[PDB]
Amino acid sequence: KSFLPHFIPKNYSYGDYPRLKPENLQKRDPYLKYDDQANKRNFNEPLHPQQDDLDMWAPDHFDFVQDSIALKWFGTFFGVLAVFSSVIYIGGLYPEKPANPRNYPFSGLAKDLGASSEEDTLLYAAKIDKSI
Amino acid sequence: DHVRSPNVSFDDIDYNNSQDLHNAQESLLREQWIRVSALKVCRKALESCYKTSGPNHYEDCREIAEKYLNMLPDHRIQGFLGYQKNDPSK
Amino acid sequence: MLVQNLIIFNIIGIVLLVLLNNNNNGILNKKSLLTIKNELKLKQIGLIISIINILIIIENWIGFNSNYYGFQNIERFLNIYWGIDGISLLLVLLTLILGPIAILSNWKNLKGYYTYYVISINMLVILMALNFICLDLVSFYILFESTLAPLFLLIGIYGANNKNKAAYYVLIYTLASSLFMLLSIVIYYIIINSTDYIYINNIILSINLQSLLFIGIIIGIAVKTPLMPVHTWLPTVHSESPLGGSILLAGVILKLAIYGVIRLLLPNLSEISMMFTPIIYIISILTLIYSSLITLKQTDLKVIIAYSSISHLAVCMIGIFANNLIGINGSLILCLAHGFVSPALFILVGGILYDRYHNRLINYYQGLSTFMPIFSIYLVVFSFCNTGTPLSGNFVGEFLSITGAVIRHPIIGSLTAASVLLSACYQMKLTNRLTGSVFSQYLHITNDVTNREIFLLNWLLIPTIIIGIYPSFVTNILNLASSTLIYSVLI
Amino acid sequence: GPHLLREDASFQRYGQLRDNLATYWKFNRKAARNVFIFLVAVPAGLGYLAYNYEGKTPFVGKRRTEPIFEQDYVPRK
Amino acid sequence: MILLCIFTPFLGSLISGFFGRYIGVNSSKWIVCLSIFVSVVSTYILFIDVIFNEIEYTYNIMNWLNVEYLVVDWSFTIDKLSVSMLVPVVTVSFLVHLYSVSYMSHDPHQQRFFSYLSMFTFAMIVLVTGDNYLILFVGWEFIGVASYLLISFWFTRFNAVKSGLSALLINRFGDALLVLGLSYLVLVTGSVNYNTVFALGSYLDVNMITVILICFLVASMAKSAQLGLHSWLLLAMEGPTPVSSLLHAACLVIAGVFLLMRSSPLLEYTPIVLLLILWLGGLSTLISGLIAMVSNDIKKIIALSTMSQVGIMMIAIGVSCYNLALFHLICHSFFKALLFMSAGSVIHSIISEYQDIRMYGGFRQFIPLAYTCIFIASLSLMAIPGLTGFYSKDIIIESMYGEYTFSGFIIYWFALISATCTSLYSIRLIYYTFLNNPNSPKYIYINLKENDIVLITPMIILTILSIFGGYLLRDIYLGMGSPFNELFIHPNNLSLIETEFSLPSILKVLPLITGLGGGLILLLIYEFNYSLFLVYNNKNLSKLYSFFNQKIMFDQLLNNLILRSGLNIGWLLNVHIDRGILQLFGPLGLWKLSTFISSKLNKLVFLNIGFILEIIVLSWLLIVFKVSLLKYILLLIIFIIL
Ligand SMILES: CCCCCCCCCCCCCCCCCC(=O)OC[C@H](COP(=O)(O)OCCN)OC(=O)CCCCCCCCCCCCCCCCC
Ligand SMILES: CCCCCCCCCCCC(=O)OC[C@H](COP(=O)(O)OCC[N+](C)(C)C)OC(=O)CCCCCCCCCCC
Ligand SMILES: CCCCCCCCCCCC(=O)OC[C@H](COP(=O)(O)OCC[N+](C)(C)C)OC(=O)CCCCCCCCCCC
């Protein structure tokens, strides 16, 4: 069922500060009546030293599955898509280009693409239409 | 009225003369701001050329774009401390 | 016509308040009329003094030439030369503006001794303002540390429960570090026989001696901005000092370190500043990143605001140490913008919430927009200004400082862009909590923001928006002065 | 005046603990590891990167001198 | 005309924000609607003048930044691209505002809601009309600001408050990268103006262009809720339905697409970024569709549909088909807004205001007008031939195969499955809400009625635009040779021919067969063989259902791992550094050192002749000893302090 968030210490010794079991106030029963109904807290109830990580204003904690199991599924999902992508690449099953890619006249539109002379023709031209 | 820069070079003054040194620092700074003004005017030509040319901006504004990219690395404020405290000849 | 008039008028102002209030102290058991209404007639005179101080610099501003290189309004007074340039002019105006604002913040929330508080505030404003117009290192240091004596007593008398600890922190942190800066100043007076700004800028010292001088000066500066890891005094001082003390400390004092870099490091130790720039960036980047993450775990309302100032001034240090005009101008713009938004956050926290409930713990406050809508409007607007949202002067300062950092160092200077995310993380988490959910069960319904607190928030918001939308008011004055600080030899 | 805030003892103890965590800090092996990472290891990583690429990034108006697209297409057949 | 189009929505926000108390609820809502309508009419006039007459409008208010060579002005331009973005923005905003008049009629804070709603419209107008990237950034930031105030409008609700914070902080993550990209733009080109930067794209280093547009890509993912920065999108459903209708149709969700299309002249010269955009859009399309088929909240399903459709625009950008992305963006803004409006009409029609589709059933006869709007919008979403979505979405899926590269072929399958899922969750959503056996109590059905005319009016206008809009505007954006110089397509990247002609005839109908045919199979199983979908029996099906119902566990991973660790780093910094070593090397450590040293010195001060005599005689050893031993004496003295 529920479990505490990460980085919540099991023990602490802050002098004479009371030592209480760390409780996530987000998991408390909402149908009960509290002095502070919004935060699910009664007046003068002691606070954990890291209560800011275990209250309503803390990030919402998800406890449907364990993080290791949740990360196993997350890697498995993208692992399937990775194998599916690599097989088609290594196998080379993706279709070939039906025709020669588009060609353009005037030395592959070199002058219209910022070229200055014949030295910089290949630096700016597109695929040159060799068949005039 | 429009006061003009008192052209003075660090290479023709004595730094012990605080007035001559002050003019050399001011003269170098004022020439650097003229380069920035020139750069902004040249960029205005590039902006106007790009809009009116449309798909022809590569050809119509080729020389202007080349000029802007060459002037950009050095058409900026560089200060006077660098040249005042250093002798390039040595 | 500036320093002479400013010192003489304020000294006469100090004497005038002392004569009136202390005339009947001779065990008279008297009642008197000046002390009626919490010494209203003595607070009013001190408030008028602060306003007149602003007019003094405005008269000299009319004659200021933005196209003139070098110091203007050069004046000899007390065997000291005083001058004004573009950078000094704006910082003086900010210091004097916060004068009346600091006094008005503690108008009717002090337990007594208003006359002592008023004189101390006006004395601090003038001393800090004079520190921007001195033209030598010795005069700079004299005014740099003269503010400690009025500030130490001010915190220890009008402070919060831990005022004793805060008074020790500010006195010892800022003196032990400034003494290392005095050593570098003493070295200048030994080998050059002068500490004049213009005289020492033209002298090139050995690369080893410049390293020693830079370290001595930077220790005094780094503690005062402040930078990590010498920053721990600032959260304690802000959380315990009175609201007017916090406004001056956050709005003026922390800006003296940035101005100190302009005067004491860049034009006189230019060669070693280039070498130290990677080290300064690493310290400031870690100061920015660490402070933002540390702010996420704070529970004191006023401490959260104190840490926010550390992160912003880290950007100012990064921008001011960039060797280009974009970074330098942006750092100066951010200092002016921070000089208004940061006091406003203390006013909202330590002046509005604290003056009603007297508790600075965050757990007692939530859903304040239900019965304090006017408070929440200013809190949200100033929260977005503090996070660098456009239309505010902070965004103009932060963007140019980040841009200047990238120009100075494209690789590690890019890390300064993390301030856009990190600043919104801690600032909005505080604002989202203070306005969200139902009204706090630990609070009783009371008055919203009053007219006096409305005036303080509005006239701190107005300069931020004006600078944010049209920063050319500031850039035009700074452009000629800031261009002198750049060190480069392009061939 | 009217004590508009209902002070809570648990909140005060929680607040006092947060403001005085330095009293109970111990320079153990756990603390030393965190101190080393934040104050030595992390600055060293930035320290190396800052000087490795210091003055080696001329990005102002950097020009392209290599063609982007391929001229001739080689079919897989 | 340009000034009236841009700043009129700002006037409505100011009027309701500060004068809404003095004019009442009703007049505040209509004045805001009036201000948006003025912008609507002015935009349509400009659309004819700009698109058809090839005219441009530029207004320069004043200079903003004048730091040496960096000059930025408060200037706004209306070119083909800007006015193309304005039509979805202002028109849908007006229809949402008209929709909001009757939907929010029972809310106690209507004046503030319309003030925030019109402010968002003004922020988006500034985003697409600025003539430089910094003016774009102004709208970019206030879009997140207004959305934060809209998602958390019901600030008394804890979930809405935290959801608004989630949207703001994730979008600020993109803003941090966006600032970094603009700074690099100033570093390389010394300007942020469109007319300056776009004129140097072919001459800049490819590495420099990649860094700038990688920052743009990260910023785009946050706004467009692509993979890795999409958790906030579903949390945006905490706000009122009019917010969701406006947000997910022609607003913040589409801001990421516009940024990449604006940067098309730069984006064409860094093919590696295009490869990243193509995969990021393709992955988000596949993931979003799978999640939407096991979701129960009606607004969550539509929100997931928005994420799936935005990715379709991204893959079009990834293949340099900026015209395809823009046209699908305009069409999507019309029928997706209709879905949210009609979804909010179903929630208002039911008395309990339930939002789970599992509690719906048999609404088709009771609310036929809402059903037809959903039915027509669903078919338009499913790219049914003849409708707006068919002319805008089907071509993009074809363009993946027409690219004829390895990445395009893989994304084609992802897009094909996305298209199949798009029909699958539309049929599933319709069946649960309108065709399933009733699940809600009988008392709900005897009080189930359609809403008023004011709510209906925007939906009918959108419904007609969801039938004929795409057919009329296809030639403007998808026509061959149409001049759209604002979007630059390199000659080597024009694949509109190989996509149109070389495609096998089977691929032209394959999405249709999988959509309608796959939808019929799902419909038959639900009606007659529902025992198959009792997935709580099978263990693998339960895990598979749970994995996609929890949205690829990304929300759990983001919170339990990334956000928690980021907060713990601050805790570690606070405990071990700020309150730790800096206190040992600080006031606390020096106090213990001072106490130890001063205690020793206190015992050395007492009146004793023998004590002082020995010290005086001991000092005589300094004279005797050679001075090179002073440091050894110094170490010895410290040893005695211990
Ligand atoms: C809540 C607290 C209160 C704060 C809220 C109000 C904040 C208002 C902020 C305004 C800041 C001042 C900006 C206007 C000052 C005038 C600027 C100026 O000096 O003129 C510049 C411009 C041409 O320059 P020039 O030829 O030199 O003329 C100078 C003649 N002496 O001359 C001009 O063209 C003048 C143009 C005046 C424009 C009027 C202001 C319009 C609104 C701001 C426009 C900014 C762009 C839109 C921002 C919205 C977001 C997109
Ligand atoms: C710019 C140069 C200024 C220098 C001179 C300033 C005035 C000095 C005090 C003389 C008059 C006086 O002691 O009078 C006392 C005044 C008036 O306070 P009050 O509330 O009326 O007194 C209480 C009596 N009741 C209760 C009956 C009303 O308070 C002050 O002490 C304010 C001035 C001192 C502030 C800083 C103190 C430390 C200074 C350290 C310097 C490095
Ligand atoms: C180079 C940059 C230098 C920056 C400043 C240096 C550290 C300043 C520490 C503040 C001390 C303070 O405030 O003194 C006050 C503190 C009071 O301690 P407290 O806070 O009440 O807790 C401790 C009390 N208990 C345990 C009861 C709660 O007494 C001390 O510690 C006395 C020793 C201070 C000596 C400082 C000399 C510094 C020498 C120069 C640097 C090598």
For region C:132-141, Karplus-derived ³J(HN,Hα) couplings (6.51, -1.76, 1.60; θ = phi - 60°; whole Hz; x for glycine and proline) come out as 8, 10, 7, 10, 7, 5, 4, 5, 4, 5
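Sorting D:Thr57, C:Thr147, C:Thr236, C:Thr225 on the 10 Å Cβ count, fewest up front, what's the list?
Sorted ascending by nearby Cβ count, the order is D:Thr57, C:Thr236, C:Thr147, C:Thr225.
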For region A:40-132, just say rounded, prolate or oblate: build the C-alpha gyration tensor, square-root its eigenvalues into a ≥ b ≥ c, call rounded for a/c under 1.5, and beyond that prolate if a/b exceeds b/c, oblate if not. oblate
Taking the Cα centre of chain E as origin, sum charge times position over the Cβ atoms of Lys and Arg (+1) and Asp and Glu (-1), and report the length of that vector in debye to the nearest 20. 2400
What FRET efficiency do you get for E:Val509 and B:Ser48 if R0 is 51 Å and r is their Cβ-Cβ distance, rounded to the nearest 0.05? 0.50
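Please average, across the residues of C:285-296, the number of beta carbons from any other chain that are within 10 Å of each residue's own beta carbon, and give a whole number.
5
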Would you list, by chain and number, the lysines whose Cα falls below 24 Å from the Cα of C:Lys255, excluding same-chain residues fewer than 8 positions away? C:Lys163, C:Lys165, C:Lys224, C:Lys302
Protection proxy ranking of C:398-409, B:56-67 - average other beta-carbon atoms within 10 Å, highest first: C:398-409, B:56-67
Region C:66-145 versus region A:7-63: alpha-carbon centroid distance in Å: 49
Going toward the positive end of the dipole of chain D, with +1 on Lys and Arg Cβ and -1 on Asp and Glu Cβ, which of D:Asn20, D:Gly61, D:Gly47 do you reach last? D:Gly47
Which order do the peptides E:555-561, E:180-186, A:42-48 take when ranked by the mean count of other beta-carbon atoms within 10 Å per residue, highest first? E:180-186, E:555-561, A:42-48
Checked region E:1-85 against the a/c 1.5 cut and the a/b vs b/c comparison, axes a ≥ b ≥ c from its Cα gyration tensor; verdict oblate
Centroid-to-centroid separation of region E:328-382 and region E:73-129 [C-alpha atoms, Å]: 22
Dipole of chain A, positive direction: furthest Cα of A:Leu93, A:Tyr31, A:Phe106, with charges on the beta-carbon: A:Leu93
Any idea what angle helix E:368-381 forms with the longest principal axis of chain E, computed on alpha-carbon atoms, 0 to 90 degrees, nearest 10? 70
Given C:26-32, A:105-111, the highest-first ranking by average Cβ count within 10 Å works out to A:105-111, C:26-32
Which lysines, on any chain, are close to D:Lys77 with Cα under 27 Å apart, when same-chain ones fewer than 8 places away are left out? A:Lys97, A:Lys127, A:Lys130, E:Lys508
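Let a ≥ b ≥ c be the square roots of the eigenvalues of the Cα gyration tensor of chain C; is it rounded (a/c under 1.5), or, if not, prolate (a/b larger than b/c) or oblate?
Numbers: a/c = 1.73, a/b = 1.20, b/c = 1.44.
Judged from the Cα gyration tensor, chain C comes out oblate (a/c at least 1.5, b/c at or above a/b).
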Taking alpha-carbon centroids only, region E:606-620 lies from chain D a number of Å equal to 58
Per residue of E:59-67, count partner chain C-beta atoms within 10 Å of its C-beta, then hand back the mean as an integer. 6
Return E:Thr457, E:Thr433, C:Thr232, E:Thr189 ranked ascending by Cβ neighbour count within 10 Å, so the fewest neighbours appear first. E:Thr457, C:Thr232, E:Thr433, E:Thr189
Compute the relative contact order of chain C as a whole-number percentage, counting only Cα pairs closer than 8 Å that sit 6 or more residues apart in sequence. 15
Determine which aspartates and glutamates satisfy two conditions relative to E:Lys162: a Cα distance under 17 Å, and not lying fewer than 8 residues away in the same chain. A:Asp52, A:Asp53, A:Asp55, A:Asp60, E:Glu238, E:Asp555
Exposure-ranked with fewest Cβ neighbours within 10 Å first, E:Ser82, C:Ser146, B:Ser18, C:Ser177 stand as B:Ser18, C:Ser146, C:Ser177, E:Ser82
Specify which residue in the list E:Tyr401, E:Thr372, E:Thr306 is farthest towards the positive end of the charge dipole of region E:305-414, using unit charges on the beta carbon of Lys, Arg (+1) and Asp, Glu (-1), about the Cα centre. E:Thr372
Helix B:18-53 versus the longest principal axis of chain B: what angle, 0 to 90°, nearest 10, using Cα atoms? 0
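On a 20 Å Cα-Cα criterion, which of the cross-link pairs B:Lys44/B:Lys67; B:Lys40/B:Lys67; A:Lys1/E:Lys543; C:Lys43/C:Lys111; E:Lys300/E:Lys336; A:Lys40/E:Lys300 come out too long?
A:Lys40/E:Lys300
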Counting only other chains, what is the mean number of Cβ atoms within 10 angstrom of the Cβ of each residue in peptide A:100-110? 3
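Computed from the coordinates by the stated procedures, all read-outs in this text should not be read as laboratory data. Heads up, the Cβs are rebuilt from the backbone with ideal geometry, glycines too, and the neighbour counts pull from every protein chain shown.
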